[PDB]
Structure formats: structure tokens, C-alpha cells
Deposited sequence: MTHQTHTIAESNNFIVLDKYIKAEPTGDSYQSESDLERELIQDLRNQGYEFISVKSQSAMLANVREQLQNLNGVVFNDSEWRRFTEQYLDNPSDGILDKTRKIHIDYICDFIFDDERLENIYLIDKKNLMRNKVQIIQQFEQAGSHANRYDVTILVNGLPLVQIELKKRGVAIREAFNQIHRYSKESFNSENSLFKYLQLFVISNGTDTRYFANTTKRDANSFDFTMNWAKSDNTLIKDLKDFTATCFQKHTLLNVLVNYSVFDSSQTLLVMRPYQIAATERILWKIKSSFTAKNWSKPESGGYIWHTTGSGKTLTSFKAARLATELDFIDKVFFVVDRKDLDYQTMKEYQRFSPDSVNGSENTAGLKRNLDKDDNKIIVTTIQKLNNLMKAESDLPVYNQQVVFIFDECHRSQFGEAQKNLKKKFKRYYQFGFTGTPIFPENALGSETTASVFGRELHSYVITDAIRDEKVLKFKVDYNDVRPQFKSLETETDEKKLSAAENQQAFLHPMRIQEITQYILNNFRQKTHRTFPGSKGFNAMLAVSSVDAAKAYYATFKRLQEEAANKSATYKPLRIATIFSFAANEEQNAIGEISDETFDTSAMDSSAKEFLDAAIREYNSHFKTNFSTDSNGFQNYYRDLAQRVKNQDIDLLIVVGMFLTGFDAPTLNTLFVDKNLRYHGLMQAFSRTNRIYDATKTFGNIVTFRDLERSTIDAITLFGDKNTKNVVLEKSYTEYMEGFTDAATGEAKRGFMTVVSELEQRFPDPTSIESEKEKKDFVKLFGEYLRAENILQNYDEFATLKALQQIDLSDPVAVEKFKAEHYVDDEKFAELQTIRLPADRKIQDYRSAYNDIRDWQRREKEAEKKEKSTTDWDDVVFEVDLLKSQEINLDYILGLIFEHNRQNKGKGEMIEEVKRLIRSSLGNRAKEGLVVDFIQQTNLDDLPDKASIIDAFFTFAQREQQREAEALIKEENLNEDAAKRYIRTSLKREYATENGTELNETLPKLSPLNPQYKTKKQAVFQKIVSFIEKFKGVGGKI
């Protein structure tokens, strides 16, 4: 099998020589790479480098340039001056073959890399800031930054990589070819992709290499022995990196790679055994929701097409999970054939295509196809299925005619929430359908690796009158409760909507003006609910428009089309909807059109276009709040969406998938996803988490209490003590009255450590309603208690709670700015102590 993500790996042993300075780490890095087959050469210039490339490409392609021809190949294809990192990257991954016309007029195909036979490519290393650069056919595709042992790797990542887009001179030109960065202090080694567009991911996207059980490989020697094994490295560079329709480069994380290669080997081995068309031919990957199932599964599909014996590879997704970006991606492969309709024509067309393998479609369309068409030639062909998270509504019938009509097949599935006998619900189980579990990356592991955010979950109890309904467990009483007499009661909706309007900005980190921040979804129970909330938001927002011309409204959109508490599949056919809803939808689409200057109508085509454009605008924050029923709750990917407002009954897999809309990692600003619920989901939340996990999993997944973060607590998984906000406040007032107290070195560093804690803690506490109330109390009184009474009604606080809140002592507003200016004055001096990490992202706001 030759897997590059190891099942077992025996930890290496230190040479006893000094491992402290960058010189040490570099010495042994070069030594190790050299032992693993990387030739150390000396390149002191862009010219020496170019000459080396000439040798390697000539060697590789079996050809010889003259100086003229070579100058031309350099100026046009290889080192073209107009090209940036993006262009170089497209040349590495998409078009690596230059069709070159020699001076004698013949055509040769000049390869940058041999992707069929990987080990033919020449790998070698040069050195420098301490850096070791890994050259593939002379081209610098990898770079290793080395810092000393006591250096905080995050600050070192802050340093370059966000400090900013450092120019590219004429002599460093070839280094625009860099695909992959690896940074290490020897204790910890993290790798990550080179950013093309001028965006530049945060530290949260960096990752340690790992084994198939997802246990980390942290230290440079072991990282080297594994990731930098030439076979491993080249595979990461060539096969397990992705360059997509957004022109963004992504390196796959270890778990994604392991799952993928295990799928591929499963296909190969089952084929040579003639073991096709059985559950033992395929498998399922259990990758926790939001860990990249879609990236990975489609990458596996594209890779499974590279098997000589496979005629067709189906990549099928649930039309429910389609969004603007993912549709854009699939357009390049199966044009106009991936959407929310039932039509099979596009599928039939892609199916008959000379020189093609990949067939991207929806489980709906696949189902309809296999229903209606029994004579297809693809049926007797050698076929692979990759099912990305379409396990339910149309899946049963789909599987039925699958096993019926497909004679030679290997079928696989990805899910974050598997089907177990417990939650079976009429559907065959995941294990039953796909057979063995080939790999897993489970939520606790994902949280541990910080590749998925945790949740903060609270039932908002402001509503004594409606609380009986909001806590109701019986299934039949909830169905009956949809009406203006109970759940859709005007006062309930008014009060809730008022809450969302009041606390939107606080939740989304939009509070501080001159800060970008996040946005939200509201997920509701029914079409009428959506209709009511959209109605009520518009009214309440036009009311406060009169109260003030300093009132800045939120942009609100909605989308719904004709539907336990599981999530119902909505059709994309808006002809099914009753006249009331279609009237309301049309109106909102008209408002939407006039606002965004779009032309969308409500016929299925116009609605589909509405769906696409909506997704893009919610993703980029042109929409502040998306009110929804069953849409964009399962596969929608929006790293800037941090808060989900919930008036709905969500259970089990539906629960997780809905909440997981906020689970995407972004930077130190977005600490966890915010879930705010106007029905009580506590027991359902815990049920759901425990379903995929154990009794303890909920302690990892759910964020801690307000009191804990104020007074401190002890993290169970780490074992570490996380000091509370008031102990930080206390220690700031005590140890650093300031600015006089700044002075000596140690008293500076200690202040940076402490104020780091401060900024993190306060940022975390923004999301707590208690803390919002506490901070809002800091303006208020002296004279007219019109605001004092206004403060009580808005934050739902009585005279009892109000009494002690006076006593809680926070630092003066001026003192926070003294602290902040001091923090900057230190960090800047530092740019002109290895232990420390400044919070730049938290600072910037």
C-alpha cells in the first residue's frame, strides 16, 4: 500500500548533540534530509539556481536547450516577470506542461514535474533568517523556517506570513514557486500552504503532521523522518494539495490524506481480487462535521479517476448542501448539471463524454436517473461512487437501484454524523450500507487539533409567559404549537426579534466600530415563522429608524421552499408552495433585488439563481442575518458566520449539522460558535453530542460558564489552569498601575503575558450575555433613571441583580487604552523574550 500517513511509526532518537539554536536544528535537518536522499547543493544566486533548473528540467524531459531557447523558455514560461505566486502555483498544479517550440520549429512537451512517476523527479536542498529550501527539479517548492527551541511558534508564524506580503525582487524571483511552508522550533513543526490571493490564513490553519490515528508528530526529527520522506513529500505536493476554482491553494491535512489513500487502496485491492459490487469493496469515512469532508471527498473522486481500470467515478452530493462556491467548483466538471432540480439530462450528457471519468451530480438526480433508465452502458462499466454526506432522504431508493443496476462498483461514503441503529429512523445504517470504517477523525480530535470550533449554547430565558411552550418535550404538542396562539404569538416573536436586534452586534463582534466581525443565521420552525420574523424585523427596524437617524440597520434576507425535530428537505420547485408563502417569498425577493440591484424572479430558474447569490452574499457578509427554515443548515460553509439564532426543534444529526454552521475556524477573533436558542435545546444538545461520542464528549464540545471565565477554571483535556478575567484584572491593577511601572525588561514581558490573557479573556467574554450586561452598566446613572430603567428592561435584570452589579469593579475605560498603547509600544520595540505571543488580531479592532 505504501501509505504516506502511517499506521505505525517508531519514534527516532536524539543524537546527543546540541539541539537548541537554529544552527543545530538546521545542521541535523540538512543531515537527515541528506540521509533520506536529498542532495545538498550550494546555490548562492538566482543565476546558479536557474542553471540548476536548466540541468534538472533538461534531464527530466530528455532534451537540451540552447542559450537562446533556454532564455525564451525562462522569459515566457518558467520565470516570466509578470507572474506572481498565484501564476506560479497554477503552473505547478494545473498546467505543468509547457508546449515549447524550439528554434528548429519542433514541438516538445516540457514537464515541470513527472506526476505519473513521482520518484523520477529530482529532490535536493539548499540553505539561506535560517531556512532550508527543498527543490523539486530545481524549483523551490518547499521552505522550512527554523527558530530556536524556546521560541513560541505562533509568534514566529506572526512575524513573516502576517506582517505582510513582502515584495518580490528580481533576484528572488524563482521563490514565487513556493507551494508549502513548514516552520519549527524543534519541539513543534507546523506546515501550511502558501497563500496566493493577498489574503493569508491565520495560525489556526497550520497543522502538525500525524499518523492514521491522528496522533500528532510534533518534533523536527520525526516530522523529517515522516513528512519529508521523498515519497511522502512529493505526494503531499502533487496529489494531496488542491488548487480550486477560487484560485486558492490548499494543502490537505493528515486525516484527509489518510482517508483518501485508504479509499484508493481499497478500490485497487478490491479490483484485483475481483471482489467488486459488495459492501467489502467500499467503505465509509467518519469525519466530524466541518472537518473538510467535501474537500477531501471530491479530491478522492478526482484521484480515483486516475486509476487505469476505472471507467467512471461518481461524486454525488445532497443538493441541500450546495452553496455558491461549491456550485462554482462543480460547474467546471459537470457543467449546468449540479443544482436543486430533478433533471437527469445533464447527468445523461456528462455520462456520454469521450475522454472523461468524473461525474458530479446530486443524489436526487442520480436517484431519478436510476429509476427511469435501466439500459445505461455505464451500468456494466467499472464504477466508483463517493457519496458526500447524502445519507438520508433520497438515499434509500438510490441504494436500492444502485445494487440492482450497477454490476461492477466500489462505493464509499463520508459523514460527520453516521446512521446508527439508535437513530436509524427508517434508513439502513452507515455501517450496513458502506461496510467497514476505513478511517475516522472524530469531533474530540478535531477540537483538540483546533480545526473545528466548539459551541456556546444557551437557552435564552427572557419569556415567562411562553416558557411553558419553549420547554415542551412532547412531540405532538409541538406540532400543534405552530400558530399565533402559541409559538407564533406576536409578543413572543416581538420580544425574540427585539433580542436579536439588540444583541446581534454584541454576538457577532460588530460592537466595536471600526471592526469587521461576523454575521448570523436565524433558523426557524416553519414557513410561517420565517414569514413572521422577516415581517417583525422590518417593523422593529423602521421603528428605531424614527427614534434615531444614527441608527444603522441590519440587512436581512430569507429563503424557503415547501418542506421531529429532524431537518426537512425543501424542494427547489417553488410551484409546490401555498399562495401565502409564494406571495411572501416574491416580495422579499423583490426587496432583495432592489437593494442588491439583482433581477431574480421566482420561477425555478430565478429562484435557483437567488439561492446562489444569497449564499455568496451571506458568505461575504452583505447579509447580516439570514432567516431560514431548513435551508443552508447542513452544508453551508461560511468561516465569518459566528452566531446561529435558533427558534426550532433540532435533534441529533440535524442538531449538530445546524450548529456546525458556526464551527469553522478563522482567527483569534472567532473563539467558538455561538448558539442562541429561544426553545430549550440543552437535553437535545447533550443527546446529540453523546450520540457521536461518549458520555464525556459534551465537556469538550460545549464551552464553559461565564462564572468560570470570570473566576477561572481547570481545562480537563489539557490539565492546565486557565486563569479568570477578574484575577487578570486584579493582577493588572496590582502589578501594573502604569505607565510608570513599565520600565524594566522583566516587568515589560510580564505585562505582555498578563495583558495577552486579558485580551483573550475579554474577547471570549464578549459572547456572554452576563458580561454584555456588566459592560453596558458602565455608562448609565447619576441623575435621570430613564436609562437606569431602560437598562433593566433591555438586559432583563431586576433590582436584585442590579444592586450587586454596581459593586463589581472593572478597570477605567482610560486605563484599558493606557494598557493597549503600552502593549503596542512594547510589541513595536520588540519588532526593532522568545517565550511570548502578542495577540495582533485581538489587538486590531
item	value
Missing residue ranges, deposited sequence indexing starting at 1	1-11, 140-148, 584-590, 860-872, 886-1038
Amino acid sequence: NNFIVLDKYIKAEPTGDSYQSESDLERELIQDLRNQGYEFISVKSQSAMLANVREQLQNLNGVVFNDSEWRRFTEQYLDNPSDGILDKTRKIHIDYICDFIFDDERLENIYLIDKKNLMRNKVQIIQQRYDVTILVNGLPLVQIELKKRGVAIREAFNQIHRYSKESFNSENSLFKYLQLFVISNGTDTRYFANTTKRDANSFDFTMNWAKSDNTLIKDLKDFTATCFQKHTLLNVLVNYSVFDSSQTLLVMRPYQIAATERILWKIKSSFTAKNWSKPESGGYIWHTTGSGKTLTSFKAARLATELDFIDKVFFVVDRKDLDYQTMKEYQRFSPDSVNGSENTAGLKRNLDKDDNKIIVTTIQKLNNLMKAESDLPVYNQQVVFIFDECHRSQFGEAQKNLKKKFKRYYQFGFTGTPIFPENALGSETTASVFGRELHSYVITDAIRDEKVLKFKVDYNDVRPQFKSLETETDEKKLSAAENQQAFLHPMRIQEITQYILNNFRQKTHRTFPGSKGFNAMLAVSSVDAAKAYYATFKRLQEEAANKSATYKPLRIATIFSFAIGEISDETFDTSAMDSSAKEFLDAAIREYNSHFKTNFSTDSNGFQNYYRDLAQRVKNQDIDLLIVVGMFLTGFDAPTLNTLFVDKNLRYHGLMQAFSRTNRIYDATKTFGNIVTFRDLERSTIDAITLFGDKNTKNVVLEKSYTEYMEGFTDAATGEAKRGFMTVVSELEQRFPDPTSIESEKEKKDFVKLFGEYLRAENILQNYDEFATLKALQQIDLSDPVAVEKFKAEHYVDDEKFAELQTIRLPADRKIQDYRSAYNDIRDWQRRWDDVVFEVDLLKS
From here on, numbers count along this sequence of modelled residues.
query	finding
Stretch with the greater mean C-alpha B-factor as recorded in the entry, comparing 356-364 against 699-707	356-364
Comparing 281-289 with 234-242, the one whose average Cα B-factor in the PDB entry is higher	281-289
Selection by C-alpha B-factor (highest) of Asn59, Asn52, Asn66, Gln817	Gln817
Given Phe203, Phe420, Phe385, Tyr768, the residue at which the Cα B factor reaches its maximum	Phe420
CA B-factor ranking of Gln484, expressed as a third of its chain	highest
B-factor third for the C-alpha atom of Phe562 within its chain	highest
Within-chain third of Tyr796 by Cα B-factor, per the entry	highest
Record-listed C-alpha B factor of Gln325: chain third	lowest
Third of the chain, ranked by Cα B-factor, where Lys404 sits	highest
